[PDB]
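Colleague: Next up is a structure, given as structure tokens.
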Amino acid sequence: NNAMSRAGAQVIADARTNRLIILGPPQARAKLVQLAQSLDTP
Amino acid sequence: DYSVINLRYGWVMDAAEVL
């Protein structure tokens with residue numbers, strides 16, 4: 001939600017099925033899927 | 001620009017108010 005500065009793009013969580021629905025630019029998608037792939041590491 | 005880094009012994013909890 002604070003990835004975009006003070007909104008434009010949006011982000012929606014699913015804590016039951018651990019899903020992420022993001023509505024925005026494709027580079028934020030790609031870089032934050034990479035941060036997700038670094039983020040789901042222990 | 002955007003980046004992500006690790007920490008070995010550092011705490012992002014303490015460094016959040018710093019940065």
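Residues are referred to by chain and number: the chain letter is A, B, ... according to the order shown in the structure tokens, the number counts from 1 in that chain, and ligands are numbered separately from 1 in the order shown.
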Mind checking which residues fall within 10 Å of region 3-19 of chain B, counting only C-alpha atoms, ignoring those fewer than 5 positions away in the same chain, and posting them as a PDB file with N, CA, C and O atoms, in the first residue's frame?

Modeller:
```
ATOM      1  N   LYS A  31       9.078  -6.513 -10.151  1.00  0.00           N
ATOM      2  CA  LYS A  31      10.029  -6.322  -9.066  1.00  0.00           C
ATOM      3  C   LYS A  31       9.474  -6.816  -7.738  1.00  0.00           C
ATOM      4  O   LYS A  31      10.232  -7.314  -6.899  1.00  0.00           O
ATOM      5  N   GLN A  34       9.609 -10.536  -7.695  1.00  0.00           N
ATOM      6  CA  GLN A  34      10.973 -10.907  -7.321  1.00  0.00           C
ATOM      7  C   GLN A  34      11.223 -10.705  -5.828  1.00  0.00           C
ATOM      8  O   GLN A  34      11.894 -11.523  -5.189  1.00  0.00           O
ATOM      9  N   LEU A  35      10.679  -9.629  -5.250  1.00  0.00           N
ATOM     10  CA  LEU A  35      10.747  -9.461  -3.801  1.00  0.00           C
ATOM     11  C   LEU A  35       9.888 -10.491  -3.083  1.00  0.00           C
ATOM     12  O   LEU A  35      10.165 -10.819  -1.931  1.00  0.00           O
ATOM     13  N   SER A  38      12.141 -13.565  -3.128  1.00  0.00           N
ATOM     14  CA  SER A  38      13.127 -13.406  -2.069  1.00  0.00           C
ATOM     15  C   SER A  38      12.483 -13.322  -0.692  1.00  0.00           C
ATOM     16  O   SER A  38      13.172 -13.500   0.317  1.00  0.00           O
ATOM     17  N   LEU A  39      11.179 -13.080  -0.641  1.00  0.00           N
ATOM     18  CA  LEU A  39      10.453 -12.793   0.583  1.00  0.00           C
ATOM     19  C   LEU A  39       9.885 -14.048   1.206  1.00  0.00           C
ATOM     20  O   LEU A  39       9.758 -14.124   2.434  1.00  0.00           O
TER      21      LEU A  39
END
```

Colleague: Please list as a PyMOL selection string every residue within 12 Å of residue 29 (chain A), counting only C-alpha atoms and excluding residues in the same chain fewer than 3 positions away.

Modeller: chain A and resi 3-4+9-11+20-26+32-36

Colleague: Would you export the selected residues with N, CA, C and O atoms as an mmCIF file, in the first residue's frame, please?

Modeller:
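Writing the result to result.cif gives the following:
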```cif
data_model
loop_
_atom_site.group_PDB
_atom_site.id
_atom_site.type_symbol
_atom_site.label_atom_id
_atom_site.label_comp_id
_atom_site.auth_asym_id
_atom_site.auth_seq_id
_atom_site.Cartn_x
_atom_site.Cartn_y
_atom_site.Cartn_z
ATOM 1 N N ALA A 3 3.924 1.118 -1.269
ATOM 2 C CA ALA A 3 4.880 0.973 -2.361
ATOM 3 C C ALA A 3 4.753 2.119 -3.350
ATOM 4 O O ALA A 3 5.754 2.582 -3.909
ATOM 5 N N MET A 4 3.532 2.594 -3.572
ATOM 6 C CA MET A 4 3.307 3.814 -4.327
ATOM 7 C C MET A 4 3.185 4.983 -3.361
ATOM 8 O O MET A 4 2.586 4.856 -2.289
ATOM 9 N N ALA A 9 -2.162 2.755 -7.991
ATOM 10 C CA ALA A 9 -2.251 1.303 -7.991
ATOM 11 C C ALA A 9 -2.888 0.796 -6.699
ATOM 12 O O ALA A 9 -2.982 1.511 -5.698
ATOM 13 N N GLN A 10 -3.334 -0.459 -6.729
ATOM 14 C CA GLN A 10 -3.985 -1.056 -5.573
ATOM 15 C C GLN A 10 -3.455 -2.460 -5.316
ATOM 16 O O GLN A 10 -2.801 -3.076 -6.162
ATOM 17 N N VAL A 11 -3.785 -2.967 -4.134
ATOM 18 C CA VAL A 11 -3.296 -4.253 -3.657
ATOM 19 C C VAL A 11 -4.348 -4.852 -2.726
ATOM 20 O O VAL A 11 -4.964 -4.147 -1.922
ATOM 21 N N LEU A 20 -2.509 -12.724 -3.762
ATOM 22 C CA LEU A 20 -2.236 -11.298 -3.858
ATOM 23 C C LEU A 20 -2.780 -10.778 -5.175
ATOM 24 O O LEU A 20 -2.339 -11.215 -6.239
ATOM 25 N N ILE A 21 -3.717 -9.839 -5.109
ATOM 26 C CA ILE A 21 -4.323 -9.250 -6.298
ATOM 27 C C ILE A 21 -3.836 -7.815 -6.394
ATOM 28 O O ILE A 21 -4.224 -6.963 -5.588
ATOM 29 N N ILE A 22 -2.998 -7.531 -7.377
ATOM 30 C CA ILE A 22 -2.415 -6.207 -7.518
ATOM 31 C C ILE A 22 -2.861 -5.587 -8.833
ATOM 32 O O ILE A 22 -2.968 -6.270 -9.859
ATOM 33 N N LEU A 23 -3.139 -4.283 -8.785
ATOM 34 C CA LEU A 23 -3.796 -3.553 -9.866
ATOM 35 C C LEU A 23 -2.920 -2.334 -10.138
ATOM 36 O O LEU A 23 -3.147 -1.276 -9.543
ATOM 37 N N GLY A 24 -1.924 -2.473 -11.012
ATOM 38 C CA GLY A 24 -1.007 -1.383 -11.248
ATOM 39 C C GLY A 24 0.016 -1.598 -12.349
ATOM 40 O O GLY A 24 -0.229 -2.306 -13.330
ATOM 41 N N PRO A 25 1.184 -0.963 -12.207
ATOM 42 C CA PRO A 25 2.159 -0.973 -13.293
ATOM 43 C C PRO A 25 2.847 -2.322 -13.397
ATOM 44 O O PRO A 25 2.959 -3.052 -12.396
ATOM 45 N N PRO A 26 3.325 -2.696 -14.585
ATOM 46 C CA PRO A 26 3.926 -4.030 -14.737
ATOM 47 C C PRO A 26 5.302 -4.160 -14.108
ATOM 48 O O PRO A 26 5.700 -5.274 -13.746
ATOM 49 N N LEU A 32 8.162 -6.776 -7.546
ATOM 50 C CA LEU A 32 7.655 -7.242 -6.272
ATOM 51 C C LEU A 32 7.279 -8.712 -6.298
ATOM 52 O O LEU A 32 7.194 -9.322 -5.236
ATOM 53 N N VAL A 33 7.130 -9.316 -7.477
ATOM 54 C CA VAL A 33 7.167 -10.773 -7.552
ATOM 55 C C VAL A 33 8.581 -11.279 -7.271
ATOM 56 O O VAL A 33 8.761 -12.313 -6.617
ATOM 57 N N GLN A 34 9.609 -10.536 -7.695
ATOM 58 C CA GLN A 34 10.973 -10.907 -7.321
ATOM 59 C C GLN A 34 11.223 -10.705 -5.828
ATOM 60 O O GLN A 34 11.894 -11.523 -5.189
ATOM 61 N N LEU A 35 10.679 -9.629 -5.250
ATOM 62 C CA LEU A 35 10.747 -9.461 -3.801
ATOM 63 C C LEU A 35 9.888 -10.491 -3.083
ATOM 64 O O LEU A 35 10.165 -10.819 -1.931
ATOM 65 N N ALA A 36 8.843 -10.996 -3.733
ATOM 66 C CA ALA A 36 8.076 -12.095 -3.168
ATOM 67 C C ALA A 36 8.893 -13.378 -3.160
ATOM 68 O O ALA A 36 8.870 -14.130 -2.180
#
```

Colleague: As a VMD selection string, please: every residue in chain A that a backbone DSSP assignment puts in alpha helix (DSSP H).

Modeller: chain A and resid 26 to 39

Colleague: Could you save the residues just selected, with N, CA and C atoms, as a short mmCIF file (atom, residue, chain, number, x, y, z; two decimals), in the first residue's frame?

Modeller:
```cif
data_model
loop_
_atom_site.label_atom_id
_atom_site.label_comp_id
_atom_site.auth_asym_id
_atom_site.auth_seq_id
_atom_site.Cartn_x
_atom_site.Cartn_y
_atom_site.Cartn_z
N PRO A 26 3.33 -2.70 -14.58
CA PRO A 26 3.93 -4.03 -14.74
C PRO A 26 5.30 -4.16 -14.11
N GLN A 27 6.04 -3.06 -13.96
CA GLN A 27 7.36 -3.16 -13.34
C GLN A 27 7.28 -3.33 -11.83
N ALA A 28 6.29 -2.70 -11.18
CA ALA A 28 6.05 -2.98 -9.77
C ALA A 28 5.62 -4.42 -9.57
N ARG A 29 4.81 -4.95 -10.50
CA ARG A 29 4.47 -6.36 -10.53
C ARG A 29 5.71 -7.24 -10.59
N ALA A 30 6.61 -6.97 -11.53
CA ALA A 30 7.77 -7.84 -11.73
C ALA A 30 8.75 -7.74 -10.57
N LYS A 31 9.08 -6.51 -10.15
CA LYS A 31 10.03 -6.32 -9.07
C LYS A 31 9.47 -6.82 -7.74
N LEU A 32 8.16 -6.78 -7.55
CA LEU A 32 7.65 -7.24 -6.27
C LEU A 32 7.28 -8.71 -6.30
N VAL A 33 7.13 -9.32 -7.48
CA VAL A 33 7.17 -10.77 -7.55
C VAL A 33 8.58 -11.28 -7.27
N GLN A 34 9.61 -10.54 -7.70
CA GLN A 34 10.97 -10.91 -7.32
C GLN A 34 11.22 -10.70 -5.83
N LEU A 35 10.68 -9.63 -5.25
CA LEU A 35 10.75 -9.46 -3.80
C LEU A 35 9.89 -10.49 -3.08
N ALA A 36 8.84 -11.00 -3.73
CA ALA A 36 8.08 -12.09 -3.17
C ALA A 36 8.89 -13.38 -3.16
N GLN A 37 9.64 -13.62 -4.24
CA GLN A 37 10.45 -14.83 -4.36
C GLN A 37 11.68 -14.77 -3.45
N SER A 38 12.14 -13.56 -3.13
CA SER A 38 13.13 -13.41 -2.07
C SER A 38 12.48 -13.32 -0.69
N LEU A 39 11.18 -13.08 -0.64
CA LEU A 39 10.45 -12.79 0.58
C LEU A 39 9.89 -14.05 1.21
#
```

Colleague: Output as a PyMOL selection string all residues of chain A that backbone DSSP marks as strand (DSSP E or B).

Modeller: chain A and resi 10-14+19-23
